[PDB]
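# Working through the structure, step by step
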Amino acid sequence: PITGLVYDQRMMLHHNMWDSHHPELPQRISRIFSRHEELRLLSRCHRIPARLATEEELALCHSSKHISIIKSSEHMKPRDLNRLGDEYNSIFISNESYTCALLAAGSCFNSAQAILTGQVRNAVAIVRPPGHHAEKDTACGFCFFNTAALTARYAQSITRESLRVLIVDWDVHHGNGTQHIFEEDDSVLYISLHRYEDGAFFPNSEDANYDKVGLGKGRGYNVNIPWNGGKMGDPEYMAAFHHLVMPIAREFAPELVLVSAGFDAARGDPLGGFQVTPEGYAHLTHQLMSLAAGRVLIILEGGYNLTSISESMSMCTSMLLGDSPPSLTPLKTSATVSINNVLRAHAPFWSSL
Ligand SMILES: O=C(NO)c1ccc(Cn2ccc3ccc(C(=O)NO)cc32)cc1
Ligand SMILES: [K+]
Ligand SMILES: [K+]
Ligand SMILES: [Zn+2]
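As stated in the entry header, the method of structure determination is X-ray crystallography and the reported resolution is 1.94301319072 Å.

Structure follows, in structure tokens:
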């Protein structure tokens, strides 16, 4: 029962040349890593080396044109970096962004390999920039390549094509890119919880609604749990896991679990407006560990309150390491509406609901 950890300070180099206080801060990963050290979690883990993803690996999910353009930013002048970033929705680019994105994805590849070859049982990836908004052909929402999506396809490439991967995305935002890459796929189950507000919360698309259940062979294998009209917290996320995430996950029977673990639904995050506690995140993690013979990889996505993300992700690693889940209640009626809309939408596909 070994827990793996990947972290590389070089991922700090990606930065916003025109706003040094932009919330997607280099110090997000350094503060998380320092907290793991202070709580003596880092020393209990097997340290997994970071590496660069290759261009061929990026092609598992991304087009050659998208790869080529982000790769070209390594040599761009500031004016061109500013212009290129402005072509995307909510993106800033520095000369180091491309290599930092490659390191984020390659770090998760080595961790997935460590889990699947049996070097470790589960692992945590402290990485940036994030991934789950990136699409096959575009960058978006602070994301250049879809790290989680690439890790599922990489895991299949070193095992078998039909390896069953569950991606649970508990970042407060919908992972539009992850949904789209796998929308027609029945080997990768995508389950996202996210603030939605009738499509008015970023990324501002009705793609995130409960009635997007997948396409073709992928019908049933895309589960959107959208939140409306309420500051949601531990009881809503616990209830969503009880009624939706875990029954569906168990019937899918994943062989590997990836968590797109944004912590911008955490109490104290200005971008999320929610109040999931560190104890709540620990309970979510502990529930996922009952799947896939414990093969769970926790991947940092969003999360912008430096203290909140450090405490929340540390609680997740503590659960992975086997520590007892900490001690933690009527739901907002809006959350009941949301959960029951997902249940009605997915009853045709999941007999255990
Ligand atoms: O993925 C993320 N975090 O993990 C993420 C990605 C992109 C953005 C874009 N963005 C940046 C400032 C800002 C303000 C308001 C809205 C808004 O309200 N739109 O409706 C959006 C905004 C935010 C968060
Ligand atoms: K999400
Ligand atoms: K899918
Ligand atoms: Zn987010």
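Further notes follow.
When the UniProt feature table is mapped to this numbering, "binding site: Zn(2+)" (unreviewed entry) covers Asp-171, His-173 and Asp-264. Spanning 94 residues, the annotated positions come together in the fold, the maximum distance between their C-alpha atoms being 8.2 Å. Structurally, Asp-171 can be placed in the loop between β4 (165-169) and α7 (176-181). On the basis of relative accessibility, which here comes to 0%, the residue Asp-171 falls in the buried class. Residues in contact with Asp-171, not counting those within four places in the same chain, are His-132, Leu-193, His-194, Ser-260, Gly-262, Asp-264, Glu-301 and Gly-302. As for its position among the elements, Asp-264 is in the loop between β7 (256-261) and α9 (278-288). Excluding anything up to four places from it in sequence, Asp-264 contacts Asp-171, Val-172, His-173, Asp-269, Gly-272, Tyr-281, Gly-302, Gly-303 and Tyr-304.

What follows covers the pattern of salt bridges. Scanning the model with the defined rule gives 13 salt bridges in all. When the shortest N-O distance is used, the salt bridge between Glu-55 and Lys-71 registers 2.7 Å. Remark: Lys-71 occurs in helix α3 (residues 64-72) and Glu-55 occurs in helix α2 (residues 55-58); sequence separation between them is 16 residues. For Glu-255, the salt bridge is made with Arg-160, and the minimal N-O distance between the two is 2.9 Å. In this pair, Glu-255 sits in the loop between α8 (234-252) and β7 while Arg-160 sits in the loop between α6 (147-157) and β4, placing the two residues 95 residues apart along the sequence. One continuous salt-bridge network, built from bridges that share partners, spans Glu-24, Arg-28 and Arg-128.

Here the focus is the site of ligand 1. Lining the immediate environment of ligand 1, one finds 13 residues, of which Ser-90, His-133, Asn-204, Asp-264 and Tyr-304 sit closest. Between ligand 1 and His-133, the relevant distance is 2.7 Å, taken from an oxygen atom to a side-chain nitrogen or oxygen of the residue. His-173 has a polar side-chain atom sitting 3.5 Å from a nitrogen atom of ligand 1. Computed on the free molecule, ligand 1 has an accessible area of 540 Å², of which 65% lies beneath the protein chains in the complex. Among the residues forming the shell around ligand 1, the class breakdown is five nonpolar, six polar and two charged.

Turning next to the coordination of the potassium ion (ligand 2). Within the protein, the potassium ion (ligand 2) binds to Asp-169 (O), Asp-169 (OD), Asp-171 (O), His-173 (O), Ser-192 (OG) and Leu-193 (O); these donor distances fall in the range 2.5 to 2.9 Å. Note that the potassium ion (ligand 2) binds six donor atoms; their angles at the metal cover 69 to 165 degrees, and the shape is irregular. Along the chain, the residues donating to the potassium ion (ligand 2) are arranged with the sequence spacing D-x1-D-x1-H-x18-S-L. Judged by its relative accessible area of 0%, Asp-169 falls in the buried class.

Time to look at the coordination of the potassium ion (ligand 3). Binding of the potassium ion (ligand 3) to the protein goes through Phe-182 (O), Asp-185 (O), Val-188 (O) and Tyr-221 (O), at separations of 2.6 to 2.9 Å. Read in sequence order, the donor residues for the potassium ion (ligand 3) give the motif F-x2-D-x2-V-x32-Y. For the pair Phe-182 and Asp-185, a shared accessibility class is recorded, and that class is buried.

Rules behind the numbers
Residues numbered from 1 in each chain as written, not as in the entry; some residues may be left out. Chains lettered and ligands numbered in written order. Heavy atoms only, no water. Residues with missing side-chain atoms left out of burial classes, pairs and counts. UniProt positions renumbered as here; feature names shortened; annotations may be inferred. Helix = DSSP H or I, 4+ residues; strand = E, 2+ residues; numbered from the N terminus. Buried < 20%, exposed > 50% of the residue type's maximum accessible area, 1.4 Å probe, protein only. Contact = heavy atoms within 4.5 Å. Salt bridge = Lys/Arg side-chain N within 4 Å of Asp/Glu carboxyl O. Near = heavy atom within 4 Å. Polar contact = N/O pair within 3.5 Å; in protein donor to acceptor, adjacent residues only side chain to side chain. Areas by Shrake-Rupley, 256 points an atom, 1.4 Å probe, with all protein chains shown as cover. Nonpolar A, V, L, I, M, F, W, Y, C, P; charged D, E, K, R; others polar. Donors = N, O, S within 2.8 Å, 3.2 Å for Na, K, Ca; no water. Tetrahedral: all angles 85-135°; square planar, octahedral: opposite > 155°, others 65-115°.

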